[PDB]
Structure formats: structure tokens, C-alpha cells
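Here you get one chain, nothing else, as C-alpha cells; it is the form solved without the ligand.
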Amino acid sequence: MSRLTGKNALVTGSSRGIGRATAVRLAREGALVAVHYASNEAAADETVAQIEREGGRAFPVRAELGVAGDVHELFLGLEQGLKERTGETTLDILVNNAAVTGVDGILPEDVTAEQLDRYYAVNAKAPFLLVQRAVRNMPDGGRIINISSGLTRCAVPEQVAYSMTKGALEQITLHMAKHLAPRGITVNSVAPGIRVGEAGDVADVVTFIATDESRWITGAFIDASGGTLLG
């Protein structure tokens, strides 16, 4: 119940869905959580208010992703918030959760170069550059958790553009796990699915991976699909 006391976590895209449920659960474990958002401040403030009502600690951090200066702006807000609350800029846990999505999907014949650019800029390139920046603040024993998708393993034509970016995200997991092993920083992919579930079901898996007891899991693909990947 209090496995992350004194750790600092950044959850990208934590104003809603899996990001919100993950911020909530890390904060219940004692983590100070930076609740990153692009522009919905009301939803970010809802996440922070939920955390504070449950007795935890969190603050909102604003940064549009996939645009010039995004990593710099996010880390300026993050470092200022961490320094005010902890006296340090230490980042123990990074969750790459933020993503451009299209729930109604795009037929492959209608995908534009500009859509391919936007999906890539947020869902693959930003996470790579956030990892690169994060490890400058991350001590030995740190955690990087990449939220992927069961779509990397289950063909859905109308989600080809999103799935491409998650294929690229998973390569960050494989290659950076090997790179960061000597520092004892783990890198893992958690794959949600595409019985009624909630965002909390996946967030409980992310929370476990953020703890000390996951130390022997790195470079892994963690199927949190509720068995939807089974066939």
C-alpha cells in the first residue's frame, strides 16, 4: 500500500483514462505525481483534486507534445514543481502514456502524410526524447514504463497509423532496457486491450512495474489486455 514513498513520477497524458488511473495509483503508493496535460486543464485539475482527496500529492504540468520545445517546456514545469515540493529535481518514474488517437480510426487509403507526422511526433519521437531527458534526473533503480497497445499484435486496418507509432515505442523498450541495465533502470512496455474493465485494471499493472518488486523485469512486453490478445 506504500511502496513509492519519496519517489517522484511523471505520467504524460494523465488528465484522463489509463494516464489518470495510473497517476491516482502511483500517488496512493506515496509517489509525488506530475500530472502532465496538453490543454485540458480542468481534467488535469480533476486528477490532482482526486489525488489530494485520497491523501496523496500531485501537481499539474502543461506541455503541448509533438511541437518545437515540447521536452524543454515539460521539464521546465516538472523541475520547478519537484524542486518546490521536494528540494530536488530527481525523477524516479517516467510513464510514457500521452498519445494522439482516433477512436473511429482512419481507413489506410485516407491516412495523410500530416496525420503520419502528428501520430509519430507525439507517440514515438516525444517518448524517445522524454526518455533521453528523464535519465539525466533518474537515479539507479529508476523506472521507465511505455504504454503500448495490443494493436501491435492484433491487426486492425483503421488503426494502422496509431499502431505504427506503438511498434516504434516498443523498440524504445527493447533497446533502452539493454542500454540502461547497468544503471539498474528498467524499461518495459505495458499493452492494454484495444467482462467490463476499467482504466484501473491496466493502471494496477503499471503501478506494480513502478515498484521495487519488478526489478527483474526489463525490456519486456507486459500483456495487460484482460486476455483480449488470447484469441
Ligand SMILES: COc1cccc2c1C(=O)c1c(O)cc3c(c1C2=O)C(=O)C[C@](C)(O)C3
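Quick note: we count residues from 1 along the sequence shown, nothing fancier. If you superpose the two forms and keep the largest set of C-alpha atoms that fall within 1.5 Å, you have the rigid core. Residues that one form lacks are left out of the comparison.
Participant: Out of the other entries of this protein with residues modelled on both sides, is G102 skipped in at least a third?
Facilitator: Other entries vs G102: at least a third skip it.
Participant: Classify the number of deposited-sequence residues missing from the model between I194 and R195: none, 1 to 3, 4 to 9, or 10 or more.
Facilitator: In the record, 10 or more residues between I194 and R195 lack coordinates.
Participant: Select between 160-168 and 34-42 the stretch whose C-alpha atoms have the higher average B-factor in the entry.
Facilitator: Higher mean C-alpha B-factor in the PDB entry: 34-42.
Participant: If you average the Cα B factors in the entry, which is higher, 128-136 or 98-106?
Facilitator: Mean CA B-factor is higher for 98-106.
Participant: Using the B-factors in the PDB entry, rank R118's C-alpha atom against the chain and give the third, lowest, middle or highest.
Facilitator: Highest third - that is where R118 ends up once the chain's C-alpha B-factors are sorted.
Participant: Using the B-factor values recorded in the entry, state whether the Cα atom of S149 falls in the lowest, middle or highest third among the modelled residues of its chain.
Facilitator: For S149, whose C-alpha B-factor we compare with every modelled residue in the chain, the answer is the lowest third.
Participant: What third of the chain, by the recorded C-alpha B-factor, contains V206?
Facilitator: For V206, whose C-alpha B-factor we compare with every modelled residue in the chain, the answer is the lowest third.
Participant: Using the B-factor values recorded in the entry, state whether the Cα atom of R85 falls in the lowest, middle or highest third among the modelled residues of its chain.
Facilitator: As the PDB entry reports it, the C-alpha B-factor of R85 lands in the middle third of its chain.
Participant: Can you tell me which third, lowest, middle or highest, the CA B-factor of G77 falls into for its chain?
Facilitator: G77: CA B-factor falls in the highest third of its chain.
Not pictured, yet referred to below: the form solved in complex with the ligand.
Participant: Decide open versus blocked for this chain after superposing the C-alphas round the site and placing the ligand the way it sits in the entry with it bound; the blocked call needs 3+ ligand atoms within 2.4 Å of backbone or C-beta.
Facilitator: By the 2.4 Å criterion, blocked.
Participant: Which single stretch, out of 107-115, 131-139, 145-153, 81-89, brings residue heavy atoms within 4.5 Å of the ligand in the entry with it bound?
Facilitator: Only one stretch passes the 4.5 Å heavy-atom test: 145-153.
Participant: The ligand in the entry with it bound: within 4.5 Å of a heavy atom of each of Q159, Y162 and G193?
Facilitator: Affirmative, all three are within 4.5 Å.
Participant: Going through 212-228 from first to last, which residues have a non-hydrogen atom within 4.5 Å of the ligand in the entry with it bound?
Facilitator: Residue within 4.5 Å: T228, and no other.
Participant: Okay, core lined up, where does the chain shift between the shown form and the other one, counting runs of 3 or more residues with each Cα at least 2 Å away?
Facilitator: Run shifting 2 Å or more: just 195-197.
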